[PDB]
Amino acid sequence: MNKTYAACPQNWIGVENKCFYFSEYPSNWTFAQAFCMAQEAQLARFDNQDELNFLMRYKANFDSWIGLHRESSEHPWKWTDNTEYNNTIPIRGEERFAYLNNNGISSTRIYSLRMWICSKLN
């Protein structure tokens, strides 16, 4: 071999064409979202079942923030792009912000504390 490369920046994990940041401590939705944006990323977005399986596996047993939000309980779920969610995995609860848990995806208020996952394309 004559040269080595890296999949992603330091502290990030590479899964094919994506990079992911798994937080070391919990925070609210606002700080999380701000943190990802600073790294030229967004709160985690899964585009296929493989990406979702990776997130669920590596998130360990940490309830973790993802990039799904809704205007109200009567409004549709949207990504941080503002593109609507395909609703493949329905979200539990009657709140505006989505997080991953051991049962799948659940919801809470902007101000609750949770770990977060960032995502960006390599």
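Each residue number is its position in the shown sequence, starting from 1.
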Completion exercise
Of 66-74 vs 29-37, the stretch with the larger average CA B-factor in the entry is 66-74
Practice task
Could you settle it for me: does 106-114 or 18-26 have the higher average Cα B factor in the PDB entry?
Solution key: 106-114
Completion exercise
Looking only at 52, 60, 43, 91, the Cα with the top B-factor belongs to 91
Handout entry: Cα B factor band for residue 121 (lowest, middle or highest third within the chain)
Key = highest
Practice task
Sorting the chain's modelled residues by C-alpha B-factor, tell me whether residue 8 ends up in the lowest, middle or highest third.
Solution key: middle
